[PDB]
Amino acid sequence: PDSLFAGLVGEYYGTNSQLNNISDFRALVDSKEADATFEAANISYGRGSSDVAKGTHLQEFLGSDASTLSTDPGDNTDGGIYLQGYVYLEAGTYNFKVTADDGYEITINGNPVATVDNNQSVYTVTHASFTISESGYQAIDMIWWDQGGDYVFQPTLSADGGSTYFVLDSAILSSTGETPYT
């Protein structure tokens, strides 16, 4: 049985190898069990300095979500997160606008909808629009990593053509696709 909560299933992975791109982080996820798990209920993390994978920087980064950490990871030089679950969206057009250091990839219903395939100091990209064909819980996943140094990750989503944006949080997230009453 998987727990039902108003959030995405979060996994954190650390490494002492360099993360240069999405492929490197995905390979890290493939390589071992998560160094920690958590509930991603308010997906607006950071900013901080001095490596997300060192000390208590991950806790600080995750903020409001860190109280659900399964463990306190040890130090690593590089690290990142893999989030998966569901997001309630009505049928229509949407686009992400994401602030991040380093890179990331967000997919909805298996298709990438926001990609930065490289390291970067903090930068905000307004991504291309995508459509949702049927109202309901949509499958969503995210990866994000830090190669070192500073770190931040705030995807925001617009339903109104880029006029307003919102953070993905417990209002609309579901870990399993069932309706959370938590």
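Residue numbers here begin at 1 and follow the sequence given.
K.L.:
Tell me which stretch has the larger mean Cα B-factor in this entry, 88-96 or 73-81.
P.N.:
The entry gives the higher C-alpha B-factor average to 88-96.
K.L.:
Got a sec? Mean C-alpha B-factor, which is higher, 43-51 or 126-134?
P.N.:
Stretch with the greater average CA B-factor: 126-134.
K.L.:
Hey, out of 64, 156, 56, 147, whose CA B-factor is highest in the deposited coordinates?
P.N.:
Comparing C-alpha B-factors across 64, 156, 56, 147, the maximum falls on 64.
K.L.:
Give the position of residue 163 by CA B-factor within its chain, expressed as the lowest, middle or highest third.
P.N.:
Within its chain, residue 163 is a highest-third residue by C-alpha B-factor, going by the deposited values.
K.L.:
Among all modelled residues of this chain, ranked by Cα B factor, put residue 170 in the bottom, middle or top third, i.e. lowest, middle or highest.
P.N.:
Answer is highest: the recorded C-alpha B-factor places it there.
K.L.:
Considering only modelled residues of the same chain, in which third does the CA B-factor of residue 143 rank: lowest, middle or highest?
P.N.:
Bottom third by C-alpha B-factor.
K.L.:
If you rank every modelled residue in this chain by C-alpha B factor, which third holds residue 17: lowest, middle or highest?
P.N.:
It falls in the middle third of the chain.
K.L.:
Consider only the C-alpha atoms of the modelled residues in this chain, order them by B-factor as the entry records it, and name the third containing residue 152: lowest, middle or highest.
P.N.:
Residue 152: CA B-factor falls in the lowest third of its chain.
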